[PDB]
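Trainee: Provide a 3D model corresponding to the input given below.
(4 chains, ligands or ions: 23)
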Amino acid sequence: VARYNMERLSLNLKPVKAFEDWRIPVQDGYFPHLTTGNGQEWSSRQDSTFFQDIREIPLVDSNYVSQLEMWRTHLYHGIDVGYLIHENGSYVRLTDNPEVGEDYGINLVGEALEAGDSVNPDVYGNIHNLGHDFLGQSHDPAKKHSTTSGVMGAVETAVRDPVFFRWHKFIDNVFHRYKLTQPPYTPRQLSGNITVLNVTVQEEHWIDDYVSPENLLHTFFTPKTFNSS
Amino acid sequence: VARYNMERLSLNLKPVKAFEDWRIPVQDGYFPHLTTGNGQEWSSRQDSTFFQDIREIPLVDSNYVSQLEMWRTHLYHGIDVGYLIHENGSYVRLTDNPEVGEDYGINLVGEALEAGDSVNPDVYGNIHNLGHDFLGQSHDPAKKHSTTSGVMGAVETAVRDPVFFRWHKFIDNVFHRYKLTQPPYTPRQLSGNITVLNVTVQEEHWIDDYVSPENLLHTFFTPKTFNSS
Amino acid sequence: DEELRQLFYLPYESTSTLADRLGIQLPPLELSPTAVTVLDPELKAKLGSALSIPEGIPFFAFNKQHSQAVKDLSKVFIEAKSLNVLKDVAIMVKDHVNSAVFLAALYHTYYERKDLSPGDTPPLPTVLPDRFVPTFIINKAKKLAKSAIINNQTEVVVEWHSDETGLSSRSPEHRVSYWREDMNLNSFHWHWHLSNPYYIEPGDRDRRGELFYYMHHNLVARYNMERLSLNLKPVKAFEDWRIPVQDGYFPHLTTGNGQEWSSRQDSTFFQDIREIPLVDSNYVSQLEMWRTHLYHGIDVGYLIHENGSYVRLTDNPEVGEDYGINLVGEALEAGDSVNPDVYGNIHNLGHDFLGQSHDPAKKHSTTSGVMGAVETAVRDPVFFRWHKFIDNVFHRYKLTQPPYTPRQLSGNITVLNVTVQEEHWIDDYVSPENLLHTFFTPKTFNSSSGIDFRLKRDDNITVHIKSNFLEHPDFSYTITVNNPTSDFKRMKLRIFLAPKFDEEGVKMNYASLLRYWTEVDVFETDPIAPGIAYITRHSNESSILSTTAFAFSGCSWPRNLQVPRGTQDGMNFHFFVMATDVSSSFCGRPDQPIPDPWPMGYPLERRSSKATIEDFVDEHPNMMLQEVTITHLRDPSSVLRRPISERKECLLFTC
Amino acid sequence: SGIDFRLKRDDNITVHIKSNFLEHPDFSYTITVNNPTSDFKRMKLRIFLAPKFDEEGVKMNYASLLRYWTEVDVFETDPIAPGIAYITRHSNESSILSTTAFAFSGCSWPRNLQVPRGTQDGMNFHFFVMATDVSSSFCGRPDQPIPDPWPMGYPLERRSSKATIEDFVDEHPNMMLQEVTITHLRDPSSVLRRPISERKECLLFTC
Ligand SMILES: *[C@@H]1O[C@H](CO)[C@@H](O[C@@H]2O[C@H](CO)[C@@H](O)[C@H](O)[C@H]2NC(C)=O)[C@H](O)[C@H]1NC(C)=O
Ligand SMILES: *[C@@H]1O[C@H](CO)[C@@H](O[C@@H]2O[C@H](CO)[C@@H](O)[C@H](O)[C@H]2NC(C)=O)[C@H](O)[C@H]1NC(C)=O
Ligand SMILES: *[C@@H]1O[C@H](CO)[C@@H](O)[C@H](O)[C@H]1NC(C)=O
Ligand SMILES: *[C@@H]1O[C@H](CO)[C@@H](O)[C@H](O)[C@H]1NC(C)=O
Ligand SMILES: *[C@@H]1O[C@H](CO)[C@@H](O)[C@H](O)[C@H]1NC(C)=O
Ligand SMILES: *[C@@H]1O[C@H](CO)[C@@H](O)[C@H](O)[C@H]1NC(C)=O
Ligand SMILES: *[C@@H]1O[C@H](CO)[C@@H](O)[C@H](O)[C@H]1NC(C)=O
Ligand SMILES: *[C@@H]1O[C@H](CO)[C@@H](O)[C@H](O)[C@H]1NC(C)=O
Ligand SMILES: *[C@@H]1O[C@H](CO)[C@@H](O)[C@H](O)[C@H]1NC(C)=O
Ligand SMILES: *[C@@H]1O[C@H](CO)[C@@H](O)[C@H](O)[C@H]1NC(C)=O
Ligand SMILES: *[C@@H]1O[C@H](CO)[C@@H](O)[C@H](O)[C@H]1NC(C)=O
Ligand SMILES: *[C@@H]1O[C@H](CO)[C@@H](O)[C@H](O)[C@H]1NC(C)=O
Ligand SMILES: *[C@@H]1O[C@H](CO)[C@@H](O)[C@H](O)[C@H]1NC(C)=O
Ligand SMILES: *[C@@H]1O[C@H](CO)[C@@H](O)[C@H](O)[C@H]1NC(C)=O
Ligand code: CUO
Ligand code: CUO
Ligand code: CUO
Ligand SMILES: [Cl-]
Ligand SMILES: [Cl-]
Ligand SMILES: [Cl-]
Ligand SMILES: [Cl-]
Ligand SMILES: [Mg+2]
Ligand SMILES: [Mg+2]
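Mentor: Residues are numbered from 1 along each chain as shown, chains lettered A, B, ... in the order given. Ligands and ions are numbered 1, 2, ... in the order given. For reference, the structure is listed below:
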């Protein structure tokens, strides 16, 4: 996300905005122009498409916007009070100053948010993964039209979609929310025996008759070719 | 529902309107002014309250408006094509002209809609019962406020609420939708050996020095008293 | 010339590929910047704008530039000194023109040249199967073909079902997809617009604006009868253009150039089309003002000509005066409009607004949706919402007309009786009188005239495509009439169909039925001798049909969709018959005027003081109102006698 | 009389203002009645107008027509002798009018708007007539009571079990339902005979 924003600033674009108010339609759609080797063209998403309940087939496998919202509410609460509730009933402290043998709070939040090895799936849910699927199925969320998923549904294609970065700005916002609850590093936590005296950056030779001034880096476009056979 | 409407017409009120577009807030609220013997006052519902997803505690026990809508969509489909799909995969014909040993279509729809002995809970759901609970919890649908349920949540109190009859007008509309799919009764189905020649209605004596004209009935208000001890 | 017909074949392949396969002698060739015909400068100079449409996109029939290109190309074809020269010109230009534009120009040419018959054109699905068959099925066919060739198999059949393009259980509009996507109906739509293009030289058609109204009115009416048969509500006009289009459509179609047709999500707004270039744009409020202007003209009874004079609108015209319905049609389509700057181009542009609504500002480098093409537009449920709006405009105009006078409805012939009888179609069953059936039957066609499935030149491969269609048994009807006069009388019988009940089970009154009447048969009889006569017509003779998966050729209402679906229990229809005193009727004839001076659909497109169709018919001895039942059979063999042993007992007399 | 258009005192200037108005020719109607009793009877005739069809071309039922009935003439007649009588009223005598661009003075329904516009082809109206047993009527009289005890607009402002105005009127011998056509002329001279030479041929009997 950070590097994407640096690219946006380079292009006179505004930094990406989190998609956090899920009752607002996603302003920017995306048409991937991709077709799989089985002849299946990836679904697109029109501008101004709502993030909507996914009514699966079978219906019992469905997920809902307000369900994800309540997972989010629960997770925000845990972050704000500094502990998660384990499915076994005990409380787990969140801290990035852990004791030896204690998990890092950022790690616990990450496992709960992705979700992966969550301390409590029933309470904190599966926000980030399902969000990909809500966005990827938003062109046909009740599965009425016998369609394919959009690129947000697959790891090798999701980054293509501008909404990837709106979704991940939301995700990064959750993580930063947690980081802000942590106390600043103490003098001892930042102290060191080595003094830094100087820093210089130098671009290597890349074109005859030009030597880059110190502390200047360049970028440009170059063709690349590969064998698709 | 029919008798309620006759009471409404008697009072110069418009007949009850089904609550069917669940996007529209319920215009008329209800304040029951009831308190249980455990001192727990029944929750009320303000005018213009939305029918909203019920996020239960625990969250895994929740139900959602679009979920009920999809159950409704599935049921409307079955009604319109004249058969339900059994959870065992077979199709069950809906008819009010059944073969000997065949269920009545109106009965099958009723069991699916209530729901009771539904042919397919996963597909047709539990629309009518859950709707009572959605309406009864609509003052606090995400259970944020540690509140009690409204009167729609209990059989001995639900009829008090004007929304009971809006909900049941919707329910009766589903049943009438099914009835309309049935062929008109044939001449043989309506024929009879007995001829009806005359009909007369006569109110009994109820007050001295008055005899009601034929075919005239009266109503009035009278007190009744009971022992609450 | 069956050499002429060959020009329709393999439209996505080079002329060299076609000629090689067919042994057609080629003109001189060269290599384009592969082998392509040399295009003579003399021919090129005659082509107008034909070459301006790039290869690799569909023919967008409602778009003014695309239609102009087809008109410009067909002009050269139509004006060719002979059929030999025509063939030479076609062979020469084929490599240099958009293939869909080429095909459209060729079909139009058969309608316009007097020495060609549209009935001799190939069925459109054999030429462009990609327009009618889902992407997945074409791709499966390519796979089956590749395997077959490898295993020395010269023929393959692929098939598909409606269960595969949408989910009926969650999408009520999908319940009628079989009808909207019917390949013959979509082909009929292509034929209609190429027989009666809005860009035709004015005068070269008679009452073309009125025919635009009439064919589409019948198309909408029959769709509604299909909807009622399926327990769907009749279609609602898309008229408040502020409201998003509720039902989207995903066509699941890909052109032979690999370009998948755009879809439209549920709840998509009808939005301003900001074209590239921007100066070619059109706007919702612009269309709304055209509509406002047209409604005004209709309401006051005259249009304003671009020359400043006023033109009266009347369906009771003087000799030599145009019909008001025709003038409104030309203004609305639009075709030969009296005032383009004032009344605009509402209907055509609306197709393009709907077809581009997934990307109306052209930000996403996308293709158009199916509403943009005549051979695909009927597939989309919004087609019928758009055409219900269009039919509403026409009905708004019809309602301004005075009811037909007694003299305008009077006739010398009396109608005495009407009977309808389904022909034999299954052994050991005879249909009761006045009962018609429908059912689904498979049809198969050879797609190899349209798509080259060969891997290499020497491969012998044929791909057959099989799918299900609504169908009905043949039927006939007999009208008993009396001529009480002293001499022979000739008459035209006018027979129309409409459901008796609406979606609520209420009997439709006269006013409501006006929106439903559809032509069954309108034709002139032999002269009727004094006394009683019996006139019998077979369903294959119907005026709405022309003259093997494709029964009727050229421009024809699909024979297989001639009878509305009806219901399992039997659905009741009015069968109106009128005897009036004196090549599908929906298509008209390019070279001849409409023979009948009465408005199309007469007398059932005007208001009446009569409340019911029963009351209306009872006033006139030359009209009779008959009634038929139409019953859809899920399993046609169900009509057969069942073993006494296997019959089940009913609880309530019938079951 | 309303605006002083003078520049200075001695100027002699008059400004006339001309504009177009809807208008109609005078008309009369005659009601034929029977008094079957043995003595003179006085009655009030109550005459109301409404369109027959709504905007959709559907015949309006009794309930819908209640929203449309408008007074044409409501007045008391001379006593009617036993037997048949003819009662003729001129449009200028209408109860809705009082008693030169301004025909009727004081408080009056405009005489020029006494007849609805109607249409070029002719528009059909119910003309309801009731004989009841015994200064615009819209304005009343400041110093006098309403003479008639019946509600204004009687009997056509209440519900009926009768579905149509036809059914309603058929129940009562003292009511009759007549019908008139009202036709608007863009060019009043169009009603005149046209030269045989200048008449154009119709395609469908009438044009
Ligand atoms: C399927 O359709 C195509 C028509 O285009 C047929 O292909 C032709 O077959 C004949 C006989 O082998 C060849 O001489 C022609 O060259 C073919 N035409 C083309 C354009 O390839 C094919 O025969 C049809 N298959 C069947 C079974 O009728
Ligand atoms: C137009 O109207 C006014 C009425 O106010 C008339 O003006 C009067 O004319 C007479 C005769 O010249 C004068 O003696 C009065 O003093 C005028 N009254 C006022 C208030 O100015 C005028 O005569 C009318 N014109 C015509 C042609 O009738
Ligand atoms: C819940 O699991 C954690 C694992 O770290 C454990 O420390 C805790 O004791 C458990 N709670 C109970 C009461 O079992
Ligand atoms: C520097 O090094 C010492 C010796 O290893 C270490 O104990 C201490 O942490 C460091 N002190 C500072 C100044 O950070
Ligand atoms: C750091 O290095 C740069 C260039 O090598 C030089 O300009 C600067 O004087 C150096 N600073 C120090 C403190 O050595
Ligand atoms: C499903 O249940 C019905 C109930 O009568 C039964 O008839 C049918 O055999 C069952 N289907 C299967 C395949 O088990
Ligand atoms: C009349 O009675 C007979 C004898 O029981 C019975 O068969 C029949 O169904 C009855 N009803 C009619 C309408 O015939
Ligand atoms: C029905 O009963 C009433 C009162 O008993 C009587 O007045 C009327 O005439 C009866 N009708 C018939 C058809 O017997
Ligand atoms: C191609 O196969 C068909 C049978 O499928 C056969 O009739 C025909 O002769 C074959 N074509 C050639 C050129 O062999
Ligand atoms: C405008 O066109 C109409 C078409 O018939 C013609 O009659 C009329 O003369 C034209 N108006 C003028 C003033 O040119
Ligand atoms: C009947 O026939 C006569 C003679 O052709 C013709 O004039 C008349 O228009 C016909 N129709 C009627 C209804 O009189
Ligand atoms: C009409 O034809 C049917 C069947 O042919 C017959 O039963 C019926 O009586 C006929 N009606 C008249 C009026 O001839
Ligand atoms: C009517 O047309 C269909 C399809 O072409 C055909 O099967 C049927 O035999 C035809 N009926 C007659 C008698 O021509
Ligand atoms: C009716 O009044 C108008 C306007 O005042 C007048 O022109 C007409 O002569 C009057 N009719 C009679 C006969 O009084
Ligand atoms: O996770 Cu959201 O795509 Cu790396
Ligand atoms: O069910 Cu809804 O309350 Cu009797
Ligand atoms: O015109 Cu036939 O498609 Cu709108
Ligand atoms: Cl949603
Ligand atoms: Cl499901
Ligand atoms: Cl919970
Ligand atoms: Cl531009
Ligand atoms: Mg509602
Ligand atoms: Mg609308």
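Trainee: now residue A:218: closest residue in space that isn't a chain neighbour?
Mentor: residue A:203 (6.5 Å; C-beta to C-beta, 6 or more residues apart in numbering or on different chains). All C-beta atoms are positioned from the backbone trio N, CA, C, and that covers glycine.
Trainee: how deep is the one you found tucked in, by neighbour count?
Mentor: As a burial measure, residue A:203 scores 14 neighbours (other C-beta atoms under 10 Å in any protein chain shown).
Trainee: now it: which helix or strand?
Mentor: Under the criterion DSSP states H and E, no helix or strand holds residue A:203.
Trainee: and the most centrally placed residue in chain A, its phi and psi?
Mentor: Central residue of chain A (C-alpha atoms, centre = their mean): residue A:168, 2.6 Å from the mean position. Phi and psi for residue A:168, reported as degrees, to the nearest 10, are phi -70, psi -20.
Trainee: ok, it - contacts?
Mentor: residue A:1 (C-beta atoms under 8 Å, 6 or more residues apart in numbering or on different chains).
Trainee: repeat for residue A:202
Mentor: A:212, A:214-215.
Trainee: give me the number of residues near the nearest residue to residue A:120 once chain neighbours are set aside?
Mentor: Nearest non-adjacent residue to residue A:120, counting by C-beta to C-beta, 6+ apart: residue A:87, 4.3 Å away. By other C-beta under 10 Å, 13 other residues sit near residue A:87.
Trainee: for residue A:87, which three-state class applies?
Mentor: coil (DSSP: H, G, I helix; E, B strand; the rest coil).
Trainee: surely it and residue A:124 touch.
Mentor: No - in this structure residue A:87 lies outside contact range of residue A:124 using C-beta atoms under 8 Å: 9.5 Å.
Trainee: for residue A:116, give me its contacts.
Mentor: Contacts of residue A:116 by C-beta under 8 Å, 6+ apart are residue A:110.
Trainee: residue of chain A closest to ligand 23, please.
Mentor: Here the residue of chain A nearest ligand 23 is residue A:48; by C-beta to the ion that distance is 19.5 Å.
Trainee: SS state for residue A:73?
Mentor: helix.
Trainee: could you measure from residue A:222 over to ligand 8?
Mentor: 104 Å (C-beta to the nearest ligand atom, to the nearest Å).
Trainee: for ligand 17, what's its nearest residue on chain A.
Mentor: Chain A approaches ligand 17 most closely through residue A:145 (22.4 Å), counting by C-beta to the nearest ligand atom.
Trainee: which ones are touching that residue?
Mentor: Contacts of residue A:145 by C-beta under 8 Å, 6+ apart are C:166-167, C:171, C:248-250, C:263.
Trainee: could you redo the last one with a cut-off of 7 Å?
Mentor: C:166, C:248, C:250 (C-beta atoms under 7 Å, 6 or more residues apart in numbering or on different chains).
Trainee: ok, now residue A:92?
Mentor: Per C-beta under 7 Å, 6+ apart, neighbours of residue A:92: A:83-84, A:86, A:108, A:119.
Trainee: if I've got this straight, it is in a helix?
Mentor: No - read with three-state DSSP, residue A:92 is strand and lies in no helix.
Trainee: please name the nearest non-neighbouring residue to the residue in chain A that ligand 12 sits nearest to.
Mentor: When distances are taken as C-beta to the nearest ligand atom, chain A reaches nearest to ligand 12 at residue A:144, 47.9 Å away. Using C-beta to C-beta, 6+ apart and skipping the chain neighbours, the partner closest in space to residue A:144 is residue C:171 (4.1 Å).
Trainee: buried stuff in stretch A:58-68?
Mentor: Neighbour-count burial for stretch A:58-68 flags A:59, A:62-68 (criterion: 16 or more other C-beta atoms under 10 Å in any protein chain shown).
Trainee: and what of stretch A:96-114?
Mentor: By 16+ other C-beta under 10 Å, the buried positions in stretch A:96-114 come out as A:105, A:108-113.
Trainee: out of those, which is nearest to ligand 15?
Mentor: residue A:113 (10.3 Å).
Trainee: now do the SS call for residue A:84.
Mentor: Classified using three-state DSSP, residue A:84 is strand.
Trainee: okay, now it: neighbour count?
Mentor: 26.
Trainee: surely it touches residue A:119?
Mentor: Yes - with contact defined as C-beta atoms under 7 Å, residue A:84 counts as touching residue A:119 (5.2 Å).
Trainee: which neighbours do those two have in common?
Mentor: Contact criterion C-beta under 7 Å, 6+ apart; residues shared by residue A:84 and residue A:119: A:92, A:108, A:112.
Trainee: in a helix, the last one, correct?
Mentor: Yes - assigned with three-state DSSP, residue A:112 falls within a helix.
Trainee: tell me the residue of chain A that sits nearest ligand 16?
Mentor: residue A:59 (22.7 Å).
Trainee: what's the distance between the residue nearest to residue A:120 and ligand 5?
Mentor: For residue A:87 relative to ligand 5 (C-beta to the nearest ligand atom), the value is 56 Å.
Trainee: spit out the contact partners of that residue.
Mentor: Contacts of residue A:87 by C-beta under 7 Å, 6+ apart are A:119-120, A:122.
Trainee: please, a PyMOL command that selects the buried ones among the residues you listed?
Mentor: Buried residues among the contacts of residue A:87 (16+ other C-beta under 10 Å), as a PyMOL selection:
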select buried, chain A and resi 119+120
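Trainee: format the contacts of residue A:87 as TSV; extra columns: distance to ligand 3 and secondary structure.
Mentor: Compiled in TSV, the contacts of residue A:87 are given as follows (distance: C-beta to the nearest ligand atom, whole Å; DSSP: H, G, I helix; E, B strand; the rest coil):
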residue	distance to ligand 3	secondary structure
A:119	8	coil
A:120	10	coil
A:122	14	helix
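Trainee: residues near the residue in chain A that ligand 15 sits nearest to, how many?
Mentor: Residue of chain A nearest ligand 15, by C-beta to the nearest ligand atom: residue A:158 (5.1 Å). Here the number of neighbours of residue A:158 (other C-beta under 10 Å) works out to 18.
Trainee: swap in residue A:45?
Mentor: Residue A:45: 26 neighbours (other C-beta under 10 Å).
Trainee: how about it, what does it touch?
Mentor: A:29-30, A:138-139, A:150.
Trainee: helices - which of those land there?
Mentor: Of the contacts of residue A:45, none are assigned to helices by DSSP state H.
Trainee: if you rank the residues you listed by neighbours, which is first?
Mentor: Neighbour-wise, those (other C-beta under 10 Å) top out at residue A:150, 29 neighbours.
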